[PDB]
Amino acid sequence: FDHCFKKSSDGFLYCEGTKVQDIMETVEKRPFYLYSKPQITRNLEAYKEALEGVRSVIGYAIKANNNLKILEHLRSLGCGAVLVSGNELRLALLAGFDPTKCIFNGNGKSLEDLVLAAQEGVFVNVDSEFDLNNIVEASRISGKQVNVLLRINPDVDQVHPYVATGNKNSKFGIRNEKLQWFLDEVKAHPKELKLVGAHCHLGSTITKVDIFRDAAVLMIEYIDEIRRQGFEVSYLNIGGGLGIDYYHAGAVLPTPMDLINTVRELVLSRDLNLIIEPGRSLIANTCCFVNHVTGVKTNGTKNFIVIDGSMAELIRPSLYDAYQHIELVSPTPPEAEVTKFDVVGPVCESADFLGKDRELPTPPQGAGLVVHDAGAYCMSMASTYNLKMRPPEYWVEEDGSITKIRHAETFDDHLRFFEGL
């Protein structure tokens, strides 16, 4: 297993060379998210090495994790920013992203947000007829021409239905039979639009690189037709959606190299800039959600590890029936009875669980427990549900040092919303 979070022979969990027990003891006894900064570097360098010889933008999907320190680090390594909202663009500019490496996607881009997009000069995809009319009005208000990409549905349908974005009947991209309508409209707005490319995103947790190859071939047919109607196209955006190993049992998964190798010769043969939009595959595997065990109990013949963390800070398992690996931070006295636990949070409800049916040694009270691979769509999807206030974030750097990269939310951060009313 290649992974930044490793259980020594001793039975201690480490993040790089630092013992998680040790960090747990130097921080507030409430849940926290812990990152390896080095694993962030390693994840980008795999894509950068994969894209050698291809003119390319690596678009970090900011939706996956919006920690300002993490954006600042990805941006220093030459990363681009993919953006689904105006606040995401705003954060991308404070992080110091180059606007000509930013791409603004979405199926409901507001006029106020398209105006910011236009004045800053970012790429803007085109998802619908109403989107186009909005991007046109945005250009008028901003007085800047807008580099657009047609987001096109390739009609390519094997992934959780809540993260399937390329399929027939998703809310994403234009109709295929209506491509000509978009090309005619763009040519009718030479002041306001400059068509520079085609965009697709197929979904998330994809583990089958064939679907990227089959997609890229359909996208090159459309770029070839667009080029022949006299449009100057520089860019193909195949998006993100590359999966990672959530199961921690040595599974061999498609690398960034495997993914680029499927479209390398087709892209090079058309002298296209490739835009990739990885979120999960850049950030997910760099991070544990660190909990304390509260107690252990039994309803009839299921068994329960009750932890301080919950669906408030980490909703992915409940929301998608997703597996994230669970294991203890410190070694157990070996007279404990290894049996099958459901791992649940302090909220009394059936959706408040972080994993089901997990063979583990019975933990003592106050024992560290982690959920692995919680760098993506975990903190970013977090609520204050049951007033479990959002956790702090720490990372481990090259030198073995521990730095807080996000203040913990307090109960006072809830009262701020009612001051003076």
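Residue numbers run from 1 along the displayed sequence.
According to the entry, the deposited sequence runs straight from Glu185 to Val186 with no unmodelled residues in between. Higher average CA B factor: 328 to 336, of the stretches 174 to 182 and 328 to 336. Across the two stretches, 273 to 281 and 296 to 304, the PDB entry reports the greater mean Cα temperature factor for 296 to 304. You'll see in the entry that, of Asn134, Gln229, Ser128, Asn167, the Cα B factor peaks at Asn167. The residue among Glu313, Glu72, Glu88, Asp157 whose C-alpha carries the highest B-factor in the deposited model is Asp157. In the PDB entry, a CA B factor belonging to the highest third of its chain's modelled residues is recorded for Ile402. The deposited CA B-factor of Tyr235 belongs to the lowest third of values across its chain. Per the deposited record, the Cα B-factor of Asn386 falls in the middle third when ranked against the other modelled residues of its chain. Looking at the C-alpha B-factors along this chain, the one for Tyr323 belongs to the lowest third.
Per the deposited record, the Cα B-factor of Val370 falls in the lowest third when ranked against the other modelled residues of its chain.
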